[PDB]
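In order, the protein sequence lines correspond to chains W, G, L, X, U, R, P and Y.
Residue numbering for the first sequence follows PDB author numbering, starting at 796 and increasing by one per position.
Just so we're aligned: the second sequence equals residues 731 to 761, 785 to 876 in PDB author numbering.
Residue numbering for the third sequence follows PDB author numbering, starting at 682 and increasing by one per position.
Residue numbering for the fourth sequence follows PDB author numbering, starting at 585 and increasing by one per position.
Residue numbering for the fifth sequence follows PDB author numbering, starting at 926 and increasing by one per position.
Residue numbering for the sixth sequence follows PDB author numbering, starting at 1 and increasing by one per position.
Residue numbering for the seventh sequence follows PDB author numbering, starting at 1 and increasing by one per position.
Residue numbering for the eighth sequence follows PDB author numbering, starting at 2 and increasing by one per position.
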Amino acid sequence: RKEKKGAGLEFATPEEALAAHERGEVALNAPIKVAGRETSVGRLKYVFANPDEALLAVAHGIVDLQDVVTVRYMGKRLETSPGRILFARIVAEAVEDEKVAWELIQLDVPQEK
Amino acid sequence: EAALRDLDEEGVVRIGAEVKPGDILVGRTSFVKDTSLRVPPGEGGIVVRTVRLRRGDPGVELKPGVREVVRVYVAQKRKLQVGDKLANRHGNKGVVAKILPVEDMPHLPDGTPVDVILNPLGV
Amino acid sequence: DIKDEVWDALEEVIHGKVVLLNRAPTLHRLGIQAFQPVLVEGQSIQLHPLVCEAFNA
Amino acid sequence: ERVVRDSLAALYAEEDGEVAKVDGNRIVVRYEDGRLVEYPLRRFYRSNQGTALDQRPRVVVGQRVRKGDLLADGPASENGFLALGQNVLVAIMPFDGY
Amino acid sequence: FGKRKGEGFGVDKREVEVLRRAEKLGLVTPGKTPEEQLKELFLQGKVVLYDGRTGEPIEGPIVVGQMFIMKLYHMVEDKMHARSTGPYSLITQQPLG
Amino acid sequence: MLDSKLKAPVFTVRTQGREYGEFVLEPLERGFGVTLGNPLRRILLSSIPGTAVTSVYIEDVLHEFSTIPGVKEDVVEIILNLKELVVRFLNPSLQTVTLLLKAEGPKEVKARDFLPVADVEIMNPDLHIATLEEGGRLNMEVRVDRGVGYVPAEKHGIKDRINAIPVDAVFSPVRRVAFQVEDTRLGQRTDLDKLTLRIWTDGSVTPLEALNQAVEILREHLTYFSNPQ
Amino acid sequence: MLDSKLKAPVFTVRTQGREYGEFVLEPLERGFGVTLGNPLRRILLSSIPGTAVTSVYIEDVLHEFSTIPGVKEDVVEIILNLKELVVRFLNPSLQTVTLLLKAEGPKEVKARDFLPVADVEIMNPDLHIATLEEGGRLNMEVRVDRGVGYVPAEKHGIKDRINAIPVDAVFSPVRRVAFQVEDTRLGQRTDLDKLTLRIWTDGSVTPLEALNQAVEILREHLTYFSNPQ
Amino acid sequence: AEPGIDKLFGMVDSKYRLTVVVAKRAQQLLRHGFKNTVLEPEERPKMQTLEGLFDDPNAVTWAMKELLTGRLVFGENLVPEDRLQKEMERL
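Next up, the structure:
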């Protein structure tokens, strides 16, 4: 999803912008899935070591399956939703190997027919 | 003869007796060879009415060479099940696919559960 | 006179058998498809949804 | 109501009067002329297609009726209204696969 | 909702989070209490439902109501013409009952 | 019993008659409102044993689709009305009862007209049954049994008389259940759960005993996990 | 009796080490498969006690999104690699433990490289924490508490040093659980439930232990209806 | 499905040859009974309720999982046909 940016979207430049926009998200200055210049404050606020941690945090209602977040996958840090990670996990569980499963999917777009 | 207990009167089955498929309904004898009308395979309900028309015609006629005829009405109470189909007034044909228990159906914040679930994709 | 031993014999019989499901207008090759039967309680034949387009049903 | 009236499935009071007797199979009604008329009921009549045609009485003993008023239900009428089906709580949302 | 309040109940937590989710979906105007937010949701014809299997609410509101549904004439069409061995034809030996 | 039991729910009840009962459990640690409400609701709506009409015999008619002279209603209507009959047993060991009803003359036969029995009560004496115009002799017996769940008429197949006609039975005393979880405040933690479940029953079983039975069933089902193999 | 008691639902277990467990309850009567699976899943994902790295302080770190010279991993990568560190306490008396790490030289720093503490134990000593480029000044400490469930770092804000940084805490030993109920059948009827539980746990507790704790928690919470008020 | 249908398609040129060979294998498995198997010692079909898949619940699966092993050899004309075609039907 994507909703709104009523604040200064510039984030690449200021490093206090992490704390400043975390404070803004404490108020209603910027949504959790905000349209930031480089990253959304959701990417900054939540970072997950494993897909299991991300999906378990979704189970606790902290973040939806449609929320972008930084998750450390098997070798990389991906700015994706737990929904896309879960879809990749389903594909990798249905088959045996995951590297092949990771390579035969397109996990950056909606799964249209 | 053991199953003949249902055939109370002469040849005809007694009224109000439940009948299953494969049960004798009218006992007719040929040359002695038994050619008796039985409940067809499938389903059977409750016998309600029997009419017998013989050669002693009050005002009735029969097919030539036929001495008598008997017609039997069997009634059954069909209840909604999986095989059946339902529809609204707007053509949304359907078939009952599963009959869910009351506990696991969607319900309002109040205790009242919904009756039927419709797939939106048909709209 | 049905007994659960009869139903156990039934599930023994069809453990490996298959049956051919057929749609009346058979417009192509996939209008006939084999399947493994699973004993169910009811009147209708339960069909996997994904073959809802292999058959035009 | 027009469908159930125009199709001769229910029973209607031909004249203002009071009902005399109501039973499961016949209704005896004494009109205002003093003439009593008895209406039988096809209690369970097999249709051409195998359904059932029943007339269910809709009046009580000693009940005043009006001209053209309902007396007994048709096969598929609630109270002088075409009733073939049910009213149910429907939720429009995709269940599992059923 | 007046009958709901007469028993002495407000808004369930499940309903609260479903309201927040619907607010993120633009169904209900933001900045309003759950009372008028839920009233606006009702005006759409959508009300909160609970799964019953899980107890958790169905994410997003659902339209529910009363509909008239009739059972259609049910002749031999459904009946199982399923046979194994029966009478055979006379001219040719094709099986027909 | 303070950090984990005083910070754990007191259990209050609010019962009106023996039909409606609210049970409040407050406070619960976050996440256990639904965790307790849902299984209890499912068990209450599923497996609460009760009583309902099982068989009906009429001294006059010979099958289901007949009618009695002098009776306004058809036999189908009679069974439909008898279906909502609500019967309370007073002796738990008692299983099957056979009520008798005899009526004549212009009688609006309600449920109160049943002949009294030693350990049986009717919570709905105003339940309409039949309408006898004149000279109509209505003699019937109804066999009511104690069971669980829902059972079709033909599956049980009770045959006491050659003319007895079995009926469908709904052995569930519980009319409906609705549990609601709300937010409660405690000094140390702001967000806590208060679980209040409301139960409507038919009077055959007071909501409290229904809740106790549901809890007992849930506990005995959890018992199955105790022995692994 | 196979109607209720001989199917005291057989509870078969398939344990693949201390990480993976499958548990099959079979056969179970209609509707109770979900009624048992769902609360158990909620309990396992919500209330199991466990230990997690609550916070970390490094000597030369000022902000959480800074870069540490002499170490290729940044602060974020360090804390994420710290997240999955699994520690079991030896005695119940422990509430919090502060564990330090002094490391220098062009070497790999792993969990086993932590200074030993008598009353704590590590299930993954070979957990590669980070890499030191050339004499990397690795002077850090981590405060690890016991808790339940999942705690975002923001709200609790447990602080030891002025420049210490909060860490999201994953207390629950279970990595994730999934239950599937599929319609089995008996000799005569098919309306029966087969319950499967698949549990993945970090390794602190075997899945059997977690399930036993879950059922014990549910039973003890059920015992709160015994005393009415 | 069936164990290793891709593997089964592996060692045979045409699927129809596969069908012929597996079904013929089932035919001897019926005619001499399931004593004439080549997987006796440890790896047998394993039935769920009991060890019923030891004898003969389904011959087609028996023949297929027989074919996955190397103990089955087939050819167009591998043996002098007349001797075994007259010794097969007479016992």
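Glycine residues also receive a C-beta, built at the ideal position from the N, C-alpha and C atoms.
Practice task
Can you check DSSP and say which residues form a bridge with R/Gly21?
Solution key: R/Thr15 and R/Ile199
Practice task
Please go through the same chain and pick out, in chain order, the residues whose beta-carbon is closer than 7 Å to the beta-carbon of P/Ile43, but skip the five residues on each side of it.
Solution key: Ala214, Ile217 and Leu218
Handout entry: Interface partners of residue 238 of chain P on chain L, CB under 9 Å
Key = A question about residue 238 of chain P goes unanswered here, because the residues of chain P that appear run from 1 up to 229.
Problem - Straight-line Cα distance separating W/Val863 from W/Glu874 - result: 6 Å
Handout entry: Amino acids of chain A, ordered along the chain, whose beta-carbon sits closer than 8 Å to that of X/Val674
Key = Of the protein chains in this structure, namely W, G, L, X, U, R, P and Y, none is chain A.
Practice task
Could you pull out every residue in the same chain whose Cβ sits closer than 7 Å to the Cβ of X/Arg648, ignoring the five residues on either side in sequence?
Solution key: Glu602
Handout entry: Proximity winner among W/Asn845, W/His855, W/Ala802 and W/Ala896, relative to W/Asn824 (alpha-carbon distances)
Key = W/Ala802
Problem - Limits of the unbroken alpha helix (DSSP H) element including P/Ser55 - result: No alpha helix (DSSP H) holds P/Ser55; the beta strand (DSSP E) holding it covers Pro49 to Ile58.
Problem - Classification of R/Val181 by the beta-carbon crowding that lies within 10 angstroms, buried from 16 upward - result: buried
Exercise for the section: For the alpha helix (DSSP H) holding R/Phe32, just list the boundary residues, first then last. Expected result: Per DSSP, the continuous alpha helix (DSSP H) segment holding R/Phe32 begins and ends at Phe32 to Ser46.
Problem - Cβ-based burial, R/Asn91 [other Cβ within 10 Å; buried from 16] - result: Counting of Cβ neighbours within 10 angstroms places R/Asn91 among the exposed residues, the total staying below 16.
Handout entry: Chain-ordered residues of the stretch 964-986 of chain U with a beta carbon less than 8 Å from chain P
Key = Those would be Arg978, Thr979 and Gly980, in chain order.
Exercise for the section: At 9 Å on the CB atoms, spell out the chain G contacts of X/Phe665, in chain order. Expected result: By Cβ distance, chain G contributes nothing, its closest Cβ being about 14 Å from X/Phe665, past 9 Å.
Exercise for the section: Name, going along the chain, the residues of the stretch 31-43 of chain P whose beta-carbon falls closer than 7 Å to a beta-carbon of chain R. Expected result: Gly31, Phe32, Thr35, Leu36, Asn38, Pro39, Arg42 and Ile43
Problem - Run of the beta strand (DSSP E) containing P/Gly147, from where it starts to where it stops - result: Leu138 to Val148
Exercise for the section: Name the residue from W/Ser876, W/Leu902, W/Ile900 and W/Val895 whose alpha carbon lies nearest to the alpha carbon of W/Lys797. Expected result: Nearest C-alpha to W/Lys797: W/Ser876.
Problem - L/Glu722 (DSSP reduced to helix, strand or coil) - result: coil
Practice task
May I ask which residues mark the beginning and end of the alpha helix (DSSP H) holding U/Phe967?
Solution key: Taken as a continuous stretch (DSSP letters only), the alpha helix (DSSP H) holding U/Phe967 covers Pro959 to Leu968.
Problem - chain X contact residues for R/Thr67, given Cβ-Cβ distances below 7 Å - result: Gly608, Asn609 and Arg627
Practice task
Pick out whichever of G/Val801, G/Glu814, G/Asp787 and G/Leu755 has its Cα sitting closest to the Cα of G/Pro793.
Solution key: Among G/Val801, G/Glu814, G/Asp787 and G/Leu755, the Cα nearest to that of G/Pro793 is on G/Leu755.
Exercise for the section: Go through the stretch 82-168 of chain P residue by residue and report every complete run of the beta strand (DSSP E) that reaches 3 residues or more, in order. Expected result: Fully enclosed beta strand (DSSP E) runs of 3 or longer: 87-89, 96-103, 108-110, 120-122, 128-131 and 138-148.
Problem - Simplified DSSP assignment, three categories, for R/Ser226 - result: helix
Practice task
Check each candidate in R/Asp183, R/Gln188 and R/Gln229 and name the one with the smallest Cα separation from U/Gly935.
Solution key: Nearest in C-alpha terms to U/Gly935, of all of R/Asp183, R/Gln188 and R/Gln229, is R/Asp183.
Problem - N- and C-terminal bounds of the alpha helix (DSSP H) containing W/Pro846 - result: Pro846 to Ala854
Handout entry: Rounded distance between the beta-carbons of R/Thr54 and R/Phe89, thought under 8 Å
Key = No, R/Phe89 and R/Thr54 are not in contact; Cβ-Cβ is about 14 Å, not under 8 Å.
Problem - Buried or exposed by the 16-neighbour rule on C-beta atoms within 10 Å, applied to Y/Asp57 - result: exposed
Exercise for the section: Using a threshold of 8 Å, state whether the C-beta atoms of U/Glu981 and U/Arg946 are closer than that. Expected result: no
Problem - R/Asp119 versus R/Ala130 - alpha carbon distance - result: 25 Å
Practice task
State the Cα-Cα distance for the pair R/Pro228 and R/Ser47, rounded to the nearest angstrom.
Solution key: So the two alpha carbons sit approximately 25 Å from each other.
Practice task
Output the boundary residues of the alpha helix (DSSP H) element that contains X/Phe628.
Solution key: It is not in any alpha helix (DSSP H) - X/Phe628 carries neither H nor E in the DSSP assignment.
Exercise for the section: Using a Cβ-Cβ cut-off of less than 9 Å, give me the residues of the stretch 930-954 of chain U that come near chain W, in sequence order. Expected result: If the cut-off is 9 Å between Cβ atoms, the stretch 930-954 of chain U has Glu942, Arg946, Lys949, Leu950 and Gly951 near chain W.
Exercise for the section: Verify the CB distance criterion: does L/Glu693 have a CB-CB separation below 8 Å to chain P? Expected result: no
Problem - Where the stretch 207-220 of chain R meets chain G: residues whose CB sits under 9 Å from a CB there - result: none
Problem - C-beta atoms of R/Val56 and R/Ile158 nearer than 8 Å - result: Result no, Cβ atoms of R/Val56 and R/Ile158 do not sit closer than 8 Å.
Problem - Buried/exposed call for W/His816, threshold 16 Cβ in 10 Å - result: buried
Handout entry: Beta-ladder partner(s) of G/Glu748, from DSSP
Key = G/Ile799
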